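The next block holds one structure in the form of structure tokens; read it before the comments.
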Ligand SMILES: [Ca+2]
Ligand SMILES: [Ca+2]
Ligand SMILES: [Ca+2]
Ligand SMILES: [Ca+2]
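Chains as they are written, first to last, in the UniProt record's numbering: chain A, 1 to 98; chain B, 1 to 98.
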């Protein structure tokens, strides 16, 4: 359900989970990102880093892929990954694979 | 002055990225964690979260889909999901939790 006490890495994985949760509460359902929580998060929280708040919709489609449009409790998480690499990885992903 | 703060999510991806990196560099290739390199994270800094510094092999196989014995940045990054999940999830089936 949630966290009793934490070491360093445990704190720093929490801080992003609480950010997730506090936003993700908004429309429906805290446990899933909804699309006026997600776009709010990129608009508000990410904007400098995810310098494409605009075409969130593409990232959403890429994230969701069951396409239930609940950005699920690890679909969503990927995003933090993309920012995590982005700092290192300006644009240079490409990939294409079925 | 300089020493300008970044957005909350920038701060938090950096703090985990730097931690990652100081392990990523331990052995060959300052991006990939090899087996020992990987085990060092859990062994050193992750006692409560994934209380299993035994079957790190299981995690490794679950993580390194290609089984190259390098968790590249993005492969390693998987763990952070399982962490960010566990802190909420942990054993939401039996325990309980806390
Ligand atoms: Ca929601
Ligand atoms: Ca979904
Ligand atoms: Ca290495
Ligand atoms: Ca690999």
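Here a beta-carbon is modelled for each residue, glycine too, at the ideal position from N, C-alpha and C.
**Asked** For the stretch 42–58 of chain B against the stretch 49–65 of chain A, are there 3 or more C-beta pairs whose distance is under 8 Å?
**Response** no
**Request:** Could you please go through the chain and list the residues whose beta-carbon is closer than 5 Å to any non-hydrogen atom of ligand 4?
**Result:** B:64, B:66, B:68, B:70 and B:75
**Message:** Along the chain, where does the alpha helix (DSSP H) containing residue 7 of chain A start, and where does it finish?
**Reply:** That residue, residue 7 of chain A, is in no alpha helix (DSSP H); it is neither H nor E in DSSP.
**Request:** For residue 61 of chain A, verify whether its CB is less than 7 Å away from any heavy atom of ligand 2.
**Result:** no
**Message:** Which of the three DSSP states is assigned to residue 51 of chain B in this structure?
**Reply:** coil
**Request:** Would you identify the three-state DSSP class for residue 33 of chain A, choosing helix, strand or coil?
**Result:** strand
**Contacts that residue 75 of chain A makes with chain B (C-beta to C-beta distance below 7 Å)** = Here the premise fails: no neighbours, minimum Cβ distance about 10 Å.
**Asked** DSSP three-state call for residue 87 of chain B: helix, strand or coil?
**Response** helix
**Asked** Which of the three DSSP states, helix, strand or coil, is assigned to residue 95 of chain A?
**Response** coil
**Asked** What first and last residue would you give for the alpha helix (DSSP H) that runs through residue 27 of chain B?
**Response** Note, residue 27 of chain B: premise wrong, no alpha helix (DSSP H); not H, not E.
**Prompt:** Got a sec: does ligand 6 put a non-hydrogen atom nearer than 7 Å to the Cβ of residue 24 of chain A?
**Reply:** Among the ligands in the structure shown, ligand 6 does not appear; only ligand 1, ligand 2, ligand 3 and ligand 4 can be found there.
**Message:** Please report the straight-line C-alpha distance between residue 77 of chain A and residue 37 of chain A, rounded to a whole angstrom.
**Reply:** 14 Å
**Prompt:** Is residue 89 of chain B near ligand 2, going by C-beta to nearest heavy atom under 7 Å?
**Reply:** no
**Message:** Less than 8 Å between CB atoms is the rule here; does residue 12 of chain A satisfy it with respect to chain B?
**Reply:** yes
**Request:** Kindly confirm or deny that the stretch 10–19 of chain A and the stretch 63–73 of chain A touch, where touching means at least three C-beta pairs closer than 8 Å.
**Result:** no
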